[PDB]
Amino acid sequence: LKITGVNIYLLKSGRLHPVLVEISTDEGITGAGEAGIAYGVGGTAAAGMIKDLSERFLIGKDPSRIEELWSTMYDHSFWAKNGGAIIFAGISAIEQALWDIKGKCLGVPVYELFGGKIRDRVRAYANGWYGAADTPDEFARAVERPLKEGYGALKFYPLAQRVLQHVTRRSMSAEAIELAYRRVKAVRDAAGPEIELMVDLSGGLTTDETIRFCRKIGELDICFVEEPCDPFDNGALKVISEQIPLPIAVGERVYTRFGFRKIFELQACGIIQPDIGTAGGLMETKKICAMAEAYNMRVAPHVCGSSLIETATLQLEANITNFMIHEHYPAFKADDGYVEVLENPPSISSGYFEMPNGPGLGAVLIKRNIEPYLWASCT
Amino acid sequence: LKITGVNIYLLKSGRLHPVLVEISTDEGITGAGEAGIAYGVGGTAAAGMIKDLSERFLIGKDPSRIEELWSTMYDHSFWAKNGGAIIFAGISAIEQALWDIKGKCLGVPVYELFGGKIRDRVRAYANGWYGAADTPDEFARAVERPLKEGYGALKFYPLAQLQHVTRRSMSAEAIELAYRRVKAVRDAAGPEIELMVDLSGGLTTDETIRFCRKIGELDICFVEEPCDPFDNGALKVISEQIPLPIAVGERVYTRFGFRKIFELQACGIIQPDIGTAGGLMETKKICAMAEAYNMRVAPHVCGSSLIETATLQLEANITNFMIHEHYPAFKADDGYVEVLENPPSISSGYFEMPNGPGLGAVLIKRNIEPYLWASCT
Amino acid sequence: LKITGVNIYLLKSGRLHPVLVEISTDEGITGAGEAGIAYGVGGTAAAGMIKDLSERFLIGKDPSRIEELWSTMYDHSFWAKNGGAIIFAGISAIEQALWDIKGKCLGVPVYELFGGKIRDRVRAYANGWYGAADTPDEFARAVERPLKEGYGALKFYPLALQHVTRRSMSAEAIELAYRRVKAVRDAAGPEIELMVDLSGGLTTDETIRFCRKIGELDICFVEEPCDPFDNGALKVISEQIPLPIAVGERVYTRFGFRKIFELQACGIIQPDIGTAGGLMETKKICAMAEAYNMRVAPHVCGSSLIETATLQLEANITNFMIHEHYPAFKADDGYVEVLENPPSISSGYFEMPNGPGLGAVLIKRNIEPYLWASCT
Amino acid sequence: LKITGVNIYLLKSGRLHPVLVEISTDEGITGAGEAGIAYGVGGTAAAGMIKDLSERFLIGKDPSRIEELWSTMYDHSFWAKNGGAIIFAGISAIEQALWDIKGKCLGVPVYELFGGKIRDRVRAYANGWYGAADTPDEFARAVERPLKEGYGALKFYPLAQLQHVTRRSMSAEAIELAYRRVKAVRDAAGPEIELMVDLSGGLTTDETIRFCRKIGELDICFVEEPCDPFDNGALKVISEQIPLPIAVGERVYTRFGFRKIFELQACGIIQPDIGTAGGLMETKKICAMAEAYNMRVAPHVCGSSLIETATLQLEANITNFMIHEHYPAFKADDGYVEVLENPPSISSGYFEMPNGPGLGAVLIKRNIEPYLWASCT
């Protein structure tokens with residue numbers, strides 16, 4: 001086939017700003033992908049990156065040469081070498097859509113191309129359930145719904161607050177750090193001793209206070225703590241892992257095999273959380289997970305965007321041997337202004353997700369829903 | 001003062017696509033800045049990032065609190081933590097504009113605020129003088145112009161065709177040609193001219209070491225980015241295996257990014273770009289940190305006249321300054337767009353320090369107006 | 001699909017003893033694979049391992065679940081953990097057949113499944129061209145033919161005629177080693193790439209001495225300068241010699257190569273899809289190598305099958321360097337052609353096969369006499 | 001003497017598939033040896049290796065030259081360099097037989113050749129006494145028998161079902177159950193019995209550490225193979241994070257393989273198998289090295305009566321011997337095949353040292369003949 005056009009969509013879906021790409025071919029086969037910059041600051045940047053990459057590397061090209069196309073964008077974009085979230089989110093979006101096209105061409109799910117499936121379903125943990133909870137009591141109150149819905153695991157950010165604003169300059173008042181502990185204690189009390197709890201610090205405090213806080217909640221049986229320190233500082237990550245009794249998980253802000261090599265050699269993390277929308281794509285993430293196995297590590301893919309990226313993530317989760325658990329934000333669909341991008345989005349069933357079976361990513365975009373958000377078209 | 005609006009300009013200037021930002025305040029004092037994504041793929045991403053950062057963090061705020069503004073964008077953009085070129089080029093352009101405003105408010109150049117100047121002019125090396133040369137003969141012939149114009153140092157890309165290396169591989173013929181280009185340049189320039197070779201990533205470790213050793217006899221000032229910026233392991237091994245001083249930094253960002261370079265103690269020169277490293281103060285901090293590791297600085301600059309002028313603010317002030325980078329041919333491209341009424345003018349390989357308040361730069365609105373990409377008010 | 005049977009062939013082809021495997025499915029689609037224990041001592045060990053793996057893990061399984069099967073064999077064979085050449089060559093052969101089956105089901109070459117091709121052909125260096133040369137002049141005389149055939153690179157074993165005994169050689173033997181390399185460079189000319197395989201070399205000190213002594217002869221790379229067991233010696237040597245180093249022939253899986261990667265002492269790895277764990281495992285190993293600024297020169301020495309299979313990987317990995325080929329092996333006395341369409345060189349280049357799966361067609365009649373075991 | 005023939009036997013003895021070898025000499029004196037591939041997947045492979053080695057290195061050679069023979073097989077089999085269990089299991093079997101012959105020729109136990117005995121008896125721990133136990137109660141129930149039999153230490157696999165962990169993952173229920181099994185066992189055996197827990201690779205580093213800490217209060221003698229034998233990085237990390245002593249070695253081969261373990265300084269016990277590590281002398285060498293690292297040895301043994309008897313030879317000689325491993329419930333298995341005319345018999349958890357020449361073990365040709373796999377002459 002030949003790529004004849006690429007459309008970029010910059011959506012407004014509730015509290016998120018999903019960035020989607022659609023690759024069209026002369027055969028009429030289309031591919032869909034999503035850049036993992038649905039939250040934070042940079043959505044327009046991601047859209048613009050997909051535009052620049054498409055106008056420079058995709059139009060008129062044969063979509064079947066995925067590895068070459070990836071290699072080309074890496075070698076000749078200039079900014080990919082030691083590149084960050086924006087360049088690789090743009091590349092990830094494109095790569096996903098390319099595997100989607102290949103899967104459609106061969107009439108099978110991408111995971112079959114990757115070597116088949118290892119599981120037909122995956123357990124998931126709930127995120128976003130805490131809503132606008134602030135006090136320990138409100139946090140304890142919010143655990144009911146998710147648990148009743150079948151989730152056996154919960155994740156939350158005890159240092160943050162809805163405004164979701166994370167720590168300012170790695171520091172907090174003794175009162176806020178106290179409240180943080182009371183939040184975790186409340187969730188453990190209201191959830192019971194059998195529910196798995198994950199604490200995301202999204203950067204944490206300075207090393208000393210982070211270790212102090214982590215040790216303090218150790219008695220509350222924590223599955224793992226996410227990003228206990230700034231992703232920029234791997235020295236701290238190693239020091240923290242040697243000083244706390246909680247398992248550590250990172251990866252949400254690490255990109256490609258090249259970026260993860262730095263995490264692997266530290267041997268301070270037992271869990272990695274690559275995002276297929278930022279780590280480099282489906283195959284790049286598969287490669288990352290494969291390397292992780294060489295370091296006795298499990299994988300808990302990070303996902304937070306439209307239904308597309310979540311469905312695309314199931315593709316990889318059906319195939320990686322060192323899978324741990326899926327991340328799901330059930331409340332996002334209730335957001336005022338939520339925009340459903342798939343005709344058949346993934347549906348949870350008592351905390352479990354079935355593996356999609358349609359060709360490629362096994363996802364059909366509702367063009368009518370995203371059309372109002374068309375940001376750019378390259379031909 | 002209060003920020004009343006921000007304008008983003010995505011230009012088409014010859015072979016470049018400079019990205020500029022202009023910050024307006026209620027009292028009429030404006031600040032200008034440039035994101036260092038003027039080449040490569042991502043100009044629109046940079047413009048988009050400045051737009052997103054501006055709409056979320058700048059309108060209505062006091063521009064005098066530069067450190068707090070920078071800190072806020074780092075802390076709450078989410079993508080700044082272990083961030084890359086796009087997020088930091090956006091932050092950098094904004095930061096530059098804030099310093100421009102502060103200098104204009106205080107009535108002095110930014111370098112006065114940074115601790116005063118240490119030099120009145122800076123020596124520069126010429127880049128882009130090779131044009132389209134391919135054969136060793138064409139390269140040798142291209143050295144004439146820059147040397148006549150006063151430059152005492154030259155940089156070029158022996159492995160490039162600019163298109164750099166594909167998959168860290170090159171045929172034996174291209175590698176020999178590479179060596180022949182360097183030799184031809186050394187022969188045509190004489191033993192006094194300083195030559196810098198930029199490999200922009202190079203080949204695999206073994207082949208890069210081989211090539212660097214082979215040109216060692218040609219007296220190279222330094223080899224730039226001998227390996228992929230992603231791989232600091234290779235960088236360390238290469239430094240221990242070649243007789244040439246190494247320089248990197250063009251694709252490293254913030255003090256946090258450079259820390260990884262400093263601890264390797266493999267490079268003697270760093271090349272941060274104030275348009276991507278984080279801004280003027282961030283780069284000053286990076287340079288100060290480099291001094292604790294016995295290194296000097298050769299700031300990377302490649303964009304419009306604005307970013308080059310702003311870089312001079314830094315070079316007038318840092319203690320470990322080595323040399324300034326200039327592309328004299330860029331202004332001859334077709335479609336070149338001049339953004340300043342008084343662009344930096346070389347005089348025998350030397351640039352005088354700007355003396356106006358702030359960045360000492362004045363935009364020609366007429367020339368950039370056509371490229372207005374977005375407005376945030 | 002469902003796996004219905006496995007046939008194992010222990011061949012006697014010339015100087016080699018290729019071990020092949022054929023997996024049948026309930027729908028007539030069969031896959032072929034080859035264990036990289038075609039030389040050295042252990043061909044029967046390899047055949048027996050494929051027999052044990054097949055009997056315990058293959059019959060009745062869905063072949064499309066390649067990752068799961070690999071995982072199962074690794075997790076429950078017991079000997080795979082920190083496992084060696086036998087267990088992984090067996091697993092490798094089986095994994096190759098599963099990909100062969102998958103490609104045939106989807107109607108495309110395995111490389112399309114891996115992400116498409118990056119190149120349509122690969123250059124190669126010649127091996128075994130030296131024949132039975134002992135003296136320098138004989139080696140010098142042996143360079144004629146391969147060059148005539150169009151090869152731009154040559155590989156040989158100056159220390160080997162077998163390999164080094166107890167990491168020791170006489171001064172006479174060491175000077176002769178230098179003389180052969182010198183004779184080859186002189187007879188080949190300056191524009192020919194030379195690769196030297198020490199297959200373990202001597203003790204660190206003597207190996208460093210030899211490597212330095214031949215540095216003036218412009219060597220592309222030196223293969224296995226020390227015993228594969230001693231990674232400490234490997235690092236020391238890399239820091240002390242002026243030659244690029246290449247290893248991997250006797251290193252297995254991602255877990256095995258991790259140890260090589262962390263050394264950052266080599267610039268080239270040489271995994272064998274027949275021993276490193278398989279096609280996908282080797283692709284994963286190659287992807288890892290890119291993170292360490294290394295390129296790959298796959299090791300291949302078996303029947304036409306494994307060479308054709310290796311071409312599947314070389315058409316897709318981004319850090320490919322060069323292909324290994326033994327032209328003389330087909331002229332061997334007792335050579336058994338296993339493919340209906342053996343890979344044929346053309347002035348130093350091999351085109352990429354285009355058939356579905358491994359793009360290789362077995363000649364059942366030529367291997368049937370070597371059927372070693374059947375599992376159903 | 002001269003080697004005239006080699007017979008390889010692929011046995012079917014209960015749950016195991018013992019692989020034995022018999023080297024014959026032109027003088028009638030023969031030697032017995034066993035390759036440690038009695039379990040797992042690869043018995044046939046092991047037999048195939050001994051056949052290949054014998055046909056290429058043994059027939060017609062002088063057997064008194066054991067070192068030379070070992071060295072020849074290592075140097076010219078090609079796959080021995082950085083070799084694994086199969087190649088070295090084959091070499092071990094052969095080497096065991098060579099010492100058997102030399103000992104018989106000199107009329108003394110091999111341990112006398114190695115420097116004499118240090119002990120006349122060794123205490124052993126019970127393994128396989130759990131049978132098909134699954135629930136905590138069943139494991140508890142199971143301790144009675146071995147303890148009645150006079151055993152002072154027990155070893156089990158709390159994570160197993162035997163089938164070990166799949167993809168280093170377990171449900172919280174299975175992990176929770178694992179804990180109860182260990183606790184139920186400590187409760188039933190009393191505080192005086194030593195308990196060994198083999199994880200055969202365990203889970204991922206993080207979960208493994210948590211589990212090891214949880215059972216810490218149960219006074220564990222040591223945890224075996226807490227992580228994949230392939231990952232020595234994880235082994236070191238785990239050793240620094242848990243309160244339990246660590247033991248490994250079942251899947252590490254030769255001095256060259258153990259060097260990697262020793263340099264980690266992560267455990268206090270190694271468990272080499274003379275049937276896989278390379279042989280009796282090779283293992284003695286390994287044990288001698290381990291002393292230089294303040295470690296003790298608990299030889300791994302799980303095969304026919306032959307390899308267990310040969311292991312005793314070693315255990316009567318090494319200075320840093322810790323304890324012997326025995327499987328009392330294998331002699332009861334349906335299909336069990338006794339290979340020795342005089343197998344080792346426990347006496348209240350104690351084994352006396354064999355006094356016969358060579359390995360001090362006489363084979364029952366009638367019992368292994370049905371399993372002749374190959375013959376080389």
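Quick note: numbers below take in every heavy atom, side chains included, and nothing from hydrogens, waters or symmetry partners. A note on names: the letters A, B, ... follow the listed sequences, proteins ahead of strands, and every chain is numbered from 1.
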For this session: Would you sort out whether C:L358 and C:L279 count as a side-chain contact (heavy atoms from CB on, under 4.5 Å), showing the intermediate values?
Result: CA-CA 10 Å; C:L358 302 176; C:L279 278 176; 3.4 Å; yes
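- Between the side chain of C:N366 and the backbone N or O of C:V338, no donor-acceptor pair lies under 3.5 Å.
- From D:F230, atom CZ reaches atom CD of A:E293 across 12.5 Å, with rounding to the nearest 0.5 Å.
- Side-chain polar atoms of C:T25 and C:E27 form no donor-acceptor pair below 3.5 angstrom.
- Defined by atom type and a distance below 3.5 Å, a donor-acceptor pair is missing between the side-chain atoms of C:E281 and C:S92.
- For the residue pair C:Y111/C:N354, the side-chain donor-acceptor check at 3.5 Å is satisfied.
- No more than 12 heavy-atom neighbours from other residues, nucleotides or ligands sit within 6.0 angstrom of CG on A:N344.
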For this session: Quick one: do C:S374 and C:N7 satisfy side-chain hydrogen bond (donor to acceptor under 3.5 Å, both in side chains)? Show the steps, please.
Result: CA-CA 5 Å; C:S374 296; C:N7 282 164; 2.6 Å; yes
Exercise. Would A:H328 and A:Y125 count as a ring pair (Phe, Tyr, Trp, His ring centres under 6.0 Å) if you check the C-alpha gap in whole Å, the side-chain angles of each, and the deciding distance to 0.1 Å?
Worked result: CA-CA 6 Å; A:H328 183 62; A:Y125 65 74; 9.6 Å; no
For this session: Show your working on ring pair (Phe, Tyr, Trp, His ring centres under 6.0 Å) between A:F260 and A:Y295 and close with a plain yes or no.
Result: CA-CA 11 Å; A:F260 278 92; A:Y295 292 82; over 10 Å; no
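- We find that D:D228 and D:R168 are joined by a salt bridge, their nearest charged nitrogen and carboxylate oxygen being less than 4.0 Å apart.
- Using a cut-off of 4.0 Å between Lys/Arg side-chain N and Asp/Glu carboxylate O, C:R119 and C:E314 are scored as not salt-bridged.
- The number of heavy atoms from other shown groups lying within 6.0 Å of NZ (C:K364) is above 12.
- Under 3.5 Å, the side chains of A:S306 and A:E34 contain a donor-acceptor pair of N or O atoms.
- Side-chain polar atoms of C:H299 and C:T310 form no donor-acceptor pair below 3.5 angstrom.
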For this session: Any chance you could lay out the ring pair (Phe, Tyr, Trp, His ring centres under 6.0 Å) test for C:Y9 and C:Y370, step after step, and finish with the verdict?
Result: CA-CA 5 Å; C:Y9 307 86; C:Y370 299 105; 8.9 Å; no
For this session: For ring pair (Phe, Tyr, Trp, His ring centres under 6.0 Å), just list the numbers for C:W79 and C:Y74, CA-CA rounded to whole Å, side-chain angles, deciding distance to a tenth of an Å, and then say yes or no.
Result: CA-CA 8 Å; C:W79 307 107; C:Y74 181 88; over 10 Å; no
Exercise. Going through the checks in order, is the side-chain contact (heavy atoms from CB on, under 4.5 Å) test met by D:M170 and D:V165?
Worked result: CA-CA 7 Å; D:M170 303 191 292; D:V165 182; 4.1 Å; yes
For this session: Show your reasoning for whether salt bridge (charged side-chain N to carboxylate O under 4.0 Å, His left out) applies to C:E112 and A:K102.
Result: CA-CA 9 Å; C:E112 278 310 326; A:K102 180 178 292 290; 3.2 Å; yes
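- Under 4.0 Å is where a charged nitrogen must lie from a carboxylate oxygen, and between C:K117 and A:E67 no such pair does.
- In the model, A:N296 has no side-chain atom that pairs as donor or acceptor with a side-chain atom of D:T204 under 3.5 Å.
- Using cut-offs of 30° and 60° on the angle between ring planes, the pair C:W99 and C:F114 is perpendicular.
- The two atoms that bring A:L308 and A:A363 nearest to each other are CD1-CB, 3.9 Å, heavy atoms only.
- In this structure, C:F350 has its ring center under 6.0 Å from that of C:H323.
- A salt bridge between C:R258 and D:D231 is present, with a side-chain N of the basic residue lying under 4.0 Å from a carboxylate O of the acidic one.
- When all heavy atoms of C:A289 and C:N319 are compared, the closest pair comes out as CB-ND2, 3.8 Å.
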